[PDB]
Every structure is written in C-alpha cells, then in structure tokens.
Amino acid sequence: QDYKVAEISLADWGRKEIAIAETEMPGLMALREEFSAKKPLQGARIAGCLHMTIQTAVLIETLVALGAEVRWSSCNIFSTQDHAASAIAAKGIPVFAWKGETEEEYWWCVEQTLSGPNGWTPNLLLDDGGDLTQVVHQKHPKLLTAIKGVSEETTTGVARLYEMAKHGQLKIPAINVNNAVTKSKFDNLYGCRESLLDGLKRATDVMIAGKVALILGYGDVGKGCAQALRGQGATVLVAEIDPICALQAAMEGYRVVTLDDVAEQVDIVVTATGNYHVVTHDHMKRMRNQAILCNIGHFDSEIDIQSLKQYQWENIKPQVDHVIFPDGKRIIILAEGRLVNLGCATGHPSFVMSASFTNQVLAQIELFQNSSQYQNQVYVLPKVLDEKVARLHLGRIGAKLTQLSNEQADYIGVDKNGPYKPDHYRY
C-alpha cells in the first residue's frame, strides 16, 4: 500500500532490466561489495527526489544494501520509467512516481517521501534540481532541524543552493555532486552526447544529416549535444553568453550565433542553458514549418511554452506535439519543453549513471557519518574519492592504468596512490 506506481505488474520487466544494468554499473556494485556487510548507512532515512529510471533503481537498492531506508519520488513529471518504479515498489520500497504526472501529483509525490508510516521522517535528502530541498526549507522547517544534509545531482540544483547560501537561506550542509569531475565531465557531457540523440529519434525519427541544428549554451551539456549532432552530419550552430565557452565552440569549428539572427534558418533547436526563456514566442513564430524544438536543461522554462497556449495543440504521440500557428505553419515541441532525453527516451545509459550515482552514495555516507564536521554551505567531495569513482569504472571498459615509480611520483610531486592533480585542475 505504501507506494504509488502506474502498473505494479511491470515489475518483472523492470527487474530484468535492473539485472542487466548492474553489469553496466560497476561503481555501484563495487560499493555494495565494499560496504554491504558493514552497513554504513544503517539508521539512514533518505528522502529522494530524482528521476525514477532503471538507473535510479540500481542506486536505490545500493543505498538499501548499505543499510539505508528510503522514500523516493521523481524530480520530473515525464522522466519516470514505470517498470523501474514497479520493480522498486514490488521490493517493498516506498516509491511515488509514474510517467505523465500532473504538477499537483508531482508535488504530492515529493511530500510522500517526507512522511512515512510510524512517524518515519528523513534525516537525509537526495535531490536533483533542488525541488525537494526547496519544499523542506520552505514548507517543512521543523523537519529541517533533523536533516543532516542534502546531496545534489545537477547544475540547476547547485545554482539554487548557491542562491540560498548567498542570502543566508541554506540551513543544512549540502554536497554538490554535479561538480565531482566524474559527474560533470562525464554524465553532463557523454551522457547527453548519447541521450539527446535518443530522445530526438524516438520522438520524431528525424534525419540528423544535413540539418541545421542550434544548441543554446555550450557548457557540459551543450558540448555533448553539439558533438552528438555533428557526428551524425548536422551543421551545428552554438549560442553562448560566456566568451570563454563561445571561444571553445569556435575552436571546434562551430559557428557561434544568436537565435535572434538565425531563427529562420534552423531545423532543430536544443536548449541547454539552465536559464530562462532563451527561446521566445517571436523565435518560434519565425521558425520554419516542422522545425523541431526541445529542451535538455533541467526545467522547461528554458522555453516560453506559455506563449503557445494561444494556438491550437495537436498531439502526434505521447510527449510529441504540434502547435499550429495562425498562418498554418507547425512546430514540433518535445515533451512540452521538459528534458527530452528522459521525457522522450530513457535518459543517460547505465554505465555513466553509475559514475554519477557512485558519487551520490559516497556523498550520503559522508553526510550520515560526518555531517557535524560541516557547516550550512556547499561542499564537494575530496579528489581521492573522485579518483576512486573513476578507478571503479576502468575495469568494465578495458582501460589499464599505468603505475608511477617512486621517482616519477616525486618528479611531479604526488603520492603514487593519488590525488594526482591539484584541486583547481580542470581536466
């Protein structure tokens, strides 16, 4: 009874894909092997708000195998994989999540993780986008006092933590998992380099070769999106407000342009800025017939979807829609502006989510155990753990690490076992 999923009968399928996914997520299995006996999360009560995919299943069960009790919701109304949710619910784990939630239901699902039977309350939060963090701070401040800290998955959620802390609003420790090197430089980038393409294809089956595709933003996500579409023969355009990131794109042979200038020339538009209304009404009115528009950043407000309620909306299939302009021209909007990789496909593949999620588990162990050593600010995990995360993934893909001799360790000033780079190294 203590769950809510679309069809519990999907659990056997979800379980079958969880089984394959474990073979793809060596970081998470290595942590079970290391820690399942010593149960370092015994006593941990984790409220989780993070896209309920097959990958998040392997995360949840890793937390459980280390002793934690969890209550889970998704951080996006379209990102859940129903068969994953079911497999977790069937295990007796409270999960509240399904593909196709309304906004009211979304927030109800979050609230469900803050209160469990028998006076269950979380002492930890695991968040992706900052919504759970906001609910707790703004609507359940008595709970705040028993929270040891939050671990946060993504760039947008980290921005929101920093905004809170600047104004004295941050009332618990927070671990920024996004800016683990083995998160930002791998999930954000190599994740989207595969899953952006996947969502576009499942949704529209559009040919990438020969198309003019515009990526807004050239951060870690935009960089992966650009490479993804360039590999398939698209002319790729980039927009940026940061001169350094703009220069990076130019030096990779992308023309750096504004959407103000090029709106009539693009076949495909991908927002990847984590910002607000970078695609406006006049941009879309200017777009050619059947232009495809999608967002991959965390929130749908990258696009002014409100500006389109004016027109008629004709559904094509779930999460793929036409909006018809007065002159009859149509644009294709994916997942109503919600992140297209998780909305129209399945998000990143399991291997790279293992890197991201191995950082999450380690962040949760660190907060549960040593939260008192931390103040109400944003922290990152030390580099030796970052390096550990990468080590655990090398075996799966056949990479053989070279070992430093003593004299080589001294020559560059490191311990043979790491950390191998200064704190400010950018990889």
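Counting begins at 1, following the sequence as shown.
S.K.: Tell me which stretch has the larger mean Cα B-factor in this entry, 80-88 or 254-262.
M.R.: The recorded data point to 80-88.
S.K.: Out of 99-107 and 205-213, which one has CA B-factors that are higher on average in the deposited record?
M.R.: Taking the mean B-factor of the alpha carbons in each, 99-107 is higher.
S.K.: Can you pull the Cα B-factors for 296, 279, 241, 147 from the entry and say which is highest?
M.R.: That would be 147.
S.K.: Among the choices 182, 248, 118, 289, identify the one whose CA B-factor in the record is greatest.
M.R.: That would be 118, according to the entry.
S.K.: Tell me, lowest, middle or highest third: where does the Cα B factor of residue 381 rank within its chain?
M.R.: Middle third - that is where residue 381 ends up once the chain's C-alpha B-factors are sorted.
S.K.: Please say which third, lowest, middle or highest, residue 74 falls into when its CA temperature factor is compared across its chain.
M.R.: Middle third - that is where residue 74 ends up once the chain's C-alpha B-factors are sorted.
S.K.: When the deposited Cα B-factors of this chain's modelled residues are ordered and cut into thirds, is residue 162 in the lowest, the middle or the highest one?
M.R.: It belongs to the middle third of the chain when residues are ordered by C-alpha B-factor.
S.K.: For the chain shown, is the CA B-factor of residue 328 in the lowest, middle or highest third of its modelled residues?
M.R.: Tercile = highest for this residue's CA B-factor.
S.K.: Sorting by Cα B-factor within the chain, modelled residues only, which third would residue 25 end up in: lowest, middle or highest?
M.R.: Ranked within chain, residue 25 CA B lands in the lowest tercile.
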